[PDB]
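# Structural overview for review
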Amino acid sequence: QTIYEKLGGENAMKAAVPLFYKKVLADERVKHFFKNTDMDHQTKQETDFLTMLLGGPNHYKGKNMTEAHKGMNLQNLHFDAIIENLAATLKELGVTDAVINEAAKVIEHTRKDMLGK
Ligand code: HEM
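Residues numbered from 1 in each chain as written, not as in the entry; some residues may be left out. Heavy atoms only, no water.

Below, the discussion takes up unusual backbone geometry. Both trends apply: most residues other than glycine have a negative phi, and most peptide bonds are in trans. Phi at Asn-73 is positive, roughly 50 degrees, even though this residue is not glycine. Relative to the assigned elements, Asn-73 resides in the loop between α4 (65-68) and α5 (76-92). By relative accessible area, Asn-73 is classed as partly exposed at 44%. (Helix = DSSP H or I, 4+ residues; strand = E, 2+ residues; numbered from the N terminus. Buried < 20%, exposed > 50% of the residue type's maximum accessible area, 1.4 Å probe, protein only.)

On to helix α2 (residues 9-24), then. Given a rise of 1.5 Å per residue, 16 residues ought to cover 22 Å, and the 22 Å separating the end C-alpha atoms of α2 matches this to within 8%. Inspection of α2 places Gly-9, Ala-12, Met-13, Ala-16, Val-17, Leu-19, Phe-20, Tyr-21 and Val-24 among the buried residues, and these make up the whole buried set. Buried residues along α2 sit in contact with α1 (3-7), α3 (39-53) and α5. (Expected span 1.5 Å × (residues − 1). Contact = heavy atoms within 4.5 Å.)

What the protein offers the iron atom of the ligand as a donor is a single atom, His-69 (NE2), at 2.1 Å. With respect to the helices and strands, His-69 occurs in the loop between α4 and α5. (Donors = N, O, S within 2.8 Å, 3.2 Å for Na, K, Ca; no water.)

The sites that UniProt annotates as "binding site: heme" are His-69. Overall, the relative accessible area of 17% leaves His-69 in the buried class. Non-local contacts of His-69, meaning those with residues more than four positions away in its chain, are made with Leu-74, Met-114 and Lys-117. (UniProt positions renumbered as here; feature names shortened; annotations may be inferred.)

What surrounds the ligand is a group of 20 residues, the closest being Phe-33, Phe-34, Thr-37, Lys-63 and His-69. At a separation of 2.7 Å, an oxygen atom of the ligand approaches a polar side-chain atom of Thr-37. Between the ligand and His-69 there is a distance of 2.7 Å, counted from a nitrogen atom to a side-chain nitrogen or oxygen. Put simply, the ligand lies in the largest pocket. Tallying contributions element by element places α3 first for the shell around the ligand, with 4 residues. (Near = heavy atom within 4 Å. Polar contact = N/O pair within 3.5 Å; in protein donor to acceptor, adjacent residues only side chain to side chain. 1 Å grid on protein atoms, 1.4 Å probe; cavity = no way out; pocket = protein on both sides within 12 Å on 5 of 7 lines; lining within 4 Å. Sits in = over half its atoms within 2 Å of the grid points.)

What follows deals with the pattern of salt bridges. Applying the stated criterion across every chain, the model contains 9 salt bridges. Across the pair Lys-14 and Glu-10 runs a salt bridge whose closest N-O atoms are separated by 3.3 Å. With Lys-14 and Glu-10 both in helix α2 and 4 residues apart, the pair spans about one turn of that helix. Residue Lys-14 is classed as exposed on the basis of its relative accessible area, which comes to 51%. Assessed through its relative accessible area of 44%, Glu-10 is described here as partly exposed. The closest approach of N and O atoms between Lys-23 and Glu-92, which form a salt bridge, is 2.7 Å. You can see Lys-23 sitting in helix α2 and its partner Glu-92 sitting in helix α5, a full 69 residues away along the chain. Since its relative accessible area comes to 52%, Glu-92 is described here as exposed. (Salt bridge = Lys/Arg side-chain N within 4 Å of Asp/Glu carboxyl O.)

Structure (structure tokens):
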């Protein structure tokens, strides 16, 4: 039972990423980083990336997390905002605290790869 299956699988991931961007694009800490971003593209890459990371099918063909955030010099408060918004998204979707924590603990290992790049 992967975290991906525990979340609800493909249909849950497809609903979670656009809901998570609705919250991120309203969050003053981070919304502006996406000002010039093609959000259809980003939603597709990030859905593939989180599906792969959480134990679903691995079809992620994009950049690693250092290259993806290169030149942004991202700060700790920006990564905390992303995790808070992903957690709030999964809660709103009906995922249990225990599963949200499993998912955040996997994604948290990427923090050192993207901060300050
Ligand atoms: C730390 C706060 C973060 C901010 C502000 C942020 C912002 C961004 C931006 C602005 C881009 C795209 C540059 C462009 O193509 O338009 C991007 C790419 C990406 N980010 Fe983040 N990101 C953050 C954290 C994360 C996290 C935690 C993950 C996943 C766990 C993630 C996964 C990705 C992926 C998969 C891409 C696309 C790479 C590709 O297109 O090859 N990001 N991010």
